């Protein structure tokens, strides 16, 4: 068909005070609209994997070393396999931003490789570079270390910093990784218009919380 934008959306709910009923609603909405995945904190991975056990096209995405990215690589790897043991098949980790700003590139790559190795053959890895804290050169350097580390994806924002995704950065990241890794726009994507703008700039996945209203804008653009 004319591919629904729903298949590119990671239904996301990461608030610190999220309760079980809200995760239940989030997984049911994803089963309904056939979102690309749900994105929940690691404590809800087991519940989401059970709720979506008969929905293979809807992955269970969790976040690693989130949202500050300022823990050790060994912790990020342990959380990754722990999440995978609990039923997660996609992981969005946060780079060590301070190590990147200090140009300690070997540790930034070592940090990403720890998650990649822990996920090898079991989960898709997304690397959150947190564009709002990086200069232009650090945005490209982080994407390059993601490519060398073997990640599957680069991701703009955690949604817990000073900004979200912009079309200029999505173009910027798509230029670095090319066709080899996916590019995900996240943080601030509120409407169908924003999501389409990121897709046009090169995004292959959208992290959002208003995914129900975004897809409802897809069925409502052709309404009579």
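Numbering follows the first chain given and starts at 1.
Undergrad: Looking at the entry, does 215-223 or 4-12 show the higher mean C-alpha B-factor?
TA: Higher mean C-alpha B-factor in the PDB entry: 215-223.
Undergrad: Which wins on mean Cα temperature factor, 31-39 or 65-73?
TA: Taking the mean B-factor of the alpha carbons in each, 31-39 is higher.
Undergrad: Maximum C-alpha temperature factor per the entry, among 45, 55, 177, 185, belongs to which one?
TA: By C-alpha B-factor in the record, 55 ranks first.
Undergrad: By the recorded C-alpha temperature factor, relative to the other modelled residues in its chain, which third is residue 81 in?
TA: Middle third by C-alpha B-factor.
Undergrad: Where does the C-alpha B-factor of residue 97 rank in its chain, lowest, middle or highest third?
TA: Lowest third - that is where residue 97 ends up once the chain's C-alpha B-factors are sorted.
Undergrad: Check where residue 139 lands among this chain's C-alpha B-factors and tell me if it's the lowest, middle or highest third.
TA: Ranked within chain, residue 139 CA B lands in the middle tercile.
Undergrad: Using the B-factor values recorded in the entry, state whether the Cα atom of residue 103 falls in the lowest, middle or highest third among the modelled residues of its chain.
TA: As the PDB entry reports it, the C-alpha B-factor of residue 103 lands in the highest third of its chain.
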